[PDB]
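Worksheet: the structure to be examined is printed underneath.
Chain identifiers are assigned alphabetically (A, B, ...) following the order of the sequence lines, protein sequences preceding nucleic acid strands; residue numbering begins at 1 within each chain. What you see below is based on every heavy atom in this structure, not just the backbone, and it leaves out hydrogens, waters and symmetry mates.
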2 protein chains.
Amino acid sequence: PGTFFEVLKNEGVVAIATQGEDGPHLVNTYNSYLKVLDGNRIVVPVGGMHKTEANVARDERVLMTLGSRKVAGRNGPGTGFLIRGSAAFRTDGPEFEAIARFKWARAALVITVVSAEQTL
Amino acid sequence: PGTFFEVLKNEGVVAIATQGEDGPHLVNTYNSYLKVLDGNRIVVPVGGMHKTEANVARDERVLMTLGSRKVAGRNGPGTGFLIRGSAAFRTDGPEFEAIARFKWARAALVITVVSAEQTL
Ligand SMILES: Cc1cc2nc3c(=O)[nH]c(=O)nc-3n(C[C@H](O)[C@H](O)[C@H](O)COP(=O)(O)O)c2cc1C
Ligand SMILES: Cc1cc2nc3c(=O)[nH]c(=O)nc-3n(C[C@H](O)[C@H](O)[C@H](O)COP(=O)(O)O)c2cc1C
């Protein structure tokens, strides 16, 4: 597990896939923008993510990839994760406050991780 | 357009989303692993991508995010793209050869770009 937390601190772009009625949608954030709480909750600051919110309002299911070449994984150098969870947009509580330093943030995207597999 | 080509040369992880019958799927590669040909074709070396190929055999539609903080975009520092295209697995031709230096590559994933929007 300690691999995952070292990845959060490093440089890297996160990818977030949602399910629409017109196919998947795909958006980004930075590894270091993420905030982890208890209950397997990863919190994302929301500036835009309008299409994403539309998709999530209808289908909680989300996928996320993140990693870093600086954190050593399965076959030595580098590591990547594929995370499956359920998503929710929150405007209040501990989850919104975790990302509150991002003054531009209109909401928090809260991903509750159901599984994480190392892909690298 | 010259922004896109500068992004390919830089450090960065690409995200590729496909449509399954069980929801979206999401896989990675590196910006510098990509190969661009004419006909709006971006070529990806395939080592694994078994679930991805299953999804693509059924639904050509694909989304891709890639970028770099080192290439200056819309609001100054950084740039990201969201690419929509159609995918195909090729085992021969110019498209496979473009990625042939990757000896581990069993195939080429060929993305024909229908649209690219700057997201950063
Ligand atoms: C590297 C990168 C990081 C980004 N970080 C965020 C972010 O932290 N929060 C956010 O709302 N959008 C971020 N964006 C923009 C989103 O990917 C997305 O385009 C925008 O939020 C609109 O979302 P939507 O397409 O679901 O409407 C980032 C884009 C890039 C390329
Ligand atoms: C940073 C990173 C780069 C990767 N590059 C490739 C790649 O270039 N080609 C490839 O087949 N898989 C690559 N992978 C692994 C794929 O994301 C994926 O897990 C694997 O190919 C299996 O595909 P599938 O889940 O569709 O079966 C990479 C993973 C990471 C984290």
Side-chain angles (χ1 to χ4, degrees), chain A residues 7 10-33 47-52 55-56 58-71 73-75 77-87 104 111 114-120, chain B residues 7 10-33 47-52 55-56 58-71 73-75 77-87 104 111 114-120:
Chain A
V7 161
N10 285 280
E11 166 271 297
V13 171
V14 173
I16 291 155
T18 54
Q19 182 66 79
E21 275 166 72
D22 58 354
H25 190 51
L26 195 58
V27 299
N28 303 109
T29 183
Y30 295 95
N31 290 23
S32 55
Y33 279 26
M49 299 193 184
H50 304 289
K51 193 180 196 291
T52 298
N55 284 357
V56 164
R58 172 251 188 210
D59 190 341
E60 63 182 88
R61 284 167 325 184
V62 74
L63 301 191
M64 181 168 51
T65 62
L66 83 163
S68 171
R69 77 145 120 91
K70 283 140 185 186
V71 176
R74 64 98 148 72
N75 258 248
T79 201
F81 294 92
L82 173 68
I83 293 173
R84 299 175 160 85
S86 59
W104 50 258
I111 316 261
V114 316
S115 66
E117 56 179 305
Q118 281 201 223
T119 50
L120 185 87
Chain B
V7 161
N10 285 280
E11 166 271 297
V13 171
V14 173
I16 291 155
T18 54
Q19 182 66 79
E21 275 166 72
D22 58 354
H25 190 51
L26 195 58
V27 299
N28 303 109
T29 183
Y30 295 95
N31 290 23
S32 55
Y33 279 26
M49 299 193 184
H50 304 289
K51 193 180 196 291
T52 298
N55 284 357
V56 164
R58 172 251 188 210
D59 190 341
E60 63 182 88
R61 285 167 325 184
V62 74
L63 301 191
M64 181 168 51
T65 62
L66 83 163
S68 171
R69 77 145 120 91
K70 283 140 185 186
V71 176
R74 64 98 148 72
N75 258 248
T79 201
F81 294 92
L82 173 68
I83 293 173
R84 299 175 160 85
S86 59
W104 50 258
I111 316 261
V114 316
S115 66
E117 56 179 305
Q118 281 201 223
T119 50
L120 185 87

Subject >> Distance-minimising heavy-atom pair for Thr65(A) and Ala15(B) >> reply: OG1-CB, 4.4 Å
Subject >> Residue part contacting chain B, namely of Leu26(A), when any heavy atom lies under 4.5 Å >> reply: both
**OP:** Can you tell which part of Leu82(B) gets under 4.5 Å to a heavy atom of chain A, answering side chain, backbone, both or neither?
**Re:** side chain
Subject >> Over all atoms of both residues, closest heavy-atom pair of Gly23(B) and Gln19(A) >> reply: CA-OE1, 3.1 Å
**OP:** Go through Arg61(B), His25(B), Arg69(B) and name the one with the most non-hydrogen pairs under 4.5 angstrom from chain A.
**Re:** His25(B)
**OP:** For each of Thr119(A), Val13(A), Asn28(A), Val14(A), tally heavy-atom pairs with chain B at distances under 4.5 Å, and name the one with the top tally.
**Re:** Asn28(A)
